[PDB]
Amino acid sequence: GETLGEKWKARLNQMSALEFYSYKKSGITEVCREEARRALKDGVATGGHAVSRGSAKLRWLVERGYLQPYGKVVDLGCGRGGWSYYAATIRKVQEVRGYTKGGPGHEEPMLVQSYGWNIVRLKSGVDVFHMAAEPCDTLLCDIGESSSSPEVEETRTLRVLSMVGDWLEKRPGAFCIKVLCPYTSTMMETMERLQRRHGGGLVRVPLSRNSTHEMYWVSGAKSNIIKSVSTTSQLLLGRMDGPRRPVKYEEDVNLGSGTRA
């Protein structure tokens, strides 16, 4: 039958514009980047500003031990490079290689001089679905385009997991993989089978908007799949019910500046 997340998705799609706008950010955490945007647009590269919202996302996981990056970091779907630049500041990290689609209507890699920028190399014009897996120590992937269709979201997620599968054959010790749609029955079953092989678990990052059920498959988690997904689904459902809570604003990550080693 219908899962809680599938219930959540249907209710989400049935919302008026007003109810949706009121819900999307109710009680969530958010980093304010109006300062970062301005400096970056002005061409400031040494201010320690993150290139995107994603640095704070990855930081939330790493700070809590859900992820311990090290060695060669591969960042699939790196966009502007928020995850790559953050990882560059982590001690045991020696190399960062990001790959992203780029092109019209898609984020291009950004060049800044935040701490450890010298071990970072970002590559645009790359379809990771066409890229052969390589050796890596830490595997990051943040691919998963949202959609109103639960069918599309499900299919898109399982295609990413199929693609990530080949990279996981190389046994990275650490990983962080975005799972756009983890709430269907098939998806929970799939993740369980992936867990008993590769380990890790699903984690909800509070910086995510309420309008998405995205969770992150991280090597440092050890929780039950169904229980973790169900808990998140209930939270998102609960927030649809009143009251509208304000956004918990935090200050964005600062990544310092200068070269490493």
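Numbering starts at 1 and follows the sequence shown.
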item: Mean C-alpha temperature factor, higher of 234 to 242 and 21 to 29; value: 234 to 242
item: Higher-scoring stretch by recorded Cα B factor average, 140 to 148 or 71 to 79; value: 140 to 148
item: Member of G173, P182, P135, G116 with the greatest C-alpha B factor (per the PDB record); value: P135
item: Identity of residue with top Cα B-factor, from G54, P206, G47, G220; value: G47
item: CA B-factor ranking of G43, expressed as a third of its chain; value: highest
item: Ranked against its chain, the third holding the CA B-factor of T190; value: middle
item: Third of the chain's Cα B-factor distribution that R91 belongs to, per the entry; value: highest
item: CA B-factor placement of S162, once the chain's modelled residues are sorted into thirds; value: middle
item: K227 CA temperature factor, ranked by third within the chain; value: middle
